[PDB]
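Chains as they are written, first to last, in this note's numbering: chain V, 57 to 135; chain R, 57 to 135.
Don't be surprised by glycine CBs; every beta carbon is placed ideally from N, CA and C.
Report on the structure given below.
2 protein chains.
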Amino acid sequence: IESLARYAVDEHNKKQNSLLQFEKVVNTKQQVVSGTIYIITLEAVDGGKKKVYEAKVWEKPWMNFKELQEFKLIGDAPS
Amino acid sequence: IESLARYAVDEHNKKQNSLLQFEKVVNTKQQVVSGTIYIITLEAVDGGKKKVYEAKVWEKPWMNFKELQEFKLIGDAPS
């Protein structure tokens, strides 16, 4: 687990140009999670131009939960 | 599934002050995912001050994968 903590600190430093020096783990909780990712390609109209988007939705139905993880423009729809 | 797509577009609009008008789903892929979230509380030294951080690590060992999901300062460590 200390291995996972050192990784987390490494990643944070790598990502935000930090220099946190890992000392010790003081507490760990862990949850096993399942669910379904939906990668939905959809057309939507943006101020009159029909465009194509990809949305990543994470759904955990065993706890009645969902959330939008990613939303990105793919390009224009054909016309 | 159209329900999930309308949700995704609603959330994107809600989050980035957009007005995308959902038209239709054109393609859906879905993946069932499991794994373990680790919420690791750790001490690390930031320029000489020992502080306390909470890191959220998602691990999917069935595909030899992990990633840092959140990293936040909790406060100072006791001195």
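Query                                                                                                                                         : Result
If R/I130 and R/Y109 are in contact, beta carbons under 8 angstroms, what's the gap, nearest whole angstrom?                                  : 6 angstroms
May I ask you to report which of helix, strand or coil DSSP gives V/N73?                                                                      : coil
To which residues of the same chain is V/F127 closer than 7 angstroms at the C-beta, ignoring the five residues directly before and after it? : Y109, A111
For V/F127, which residues in chain R fall below 7 angstroms Cβ to Cβ?                                                                        : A64, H68
With distance defined between alpha-carbon atoms, name the residue in R/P134, R/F121, R/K107 nearest to R/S90.                                : R/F121
Under 7 angstroms between the Cβ atoms of V/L76 and R/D102?                                                                                   : yes
With 7 angstroms as the threshold, decide whether the Cβ of R/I95 is near any Cβ in chain V.                                                  : yes
Could you tell me which chain V residues have their CB closer than 7 angstroms to the CB of R/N83, listed as they occur along the chain?      : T97
Taking the beta carbon of V/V65 as the centre, do at least 16 other beta carbons fall within 10 Å, making it buried, or is it exposed?        : buried
How many Å lie between R/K71 and V/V81 at the Cα?                                                                                             : 35 angstroms
R/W114 lies in the beta strand (DSSP E); which residues open and close that run?                                                              : 105–116
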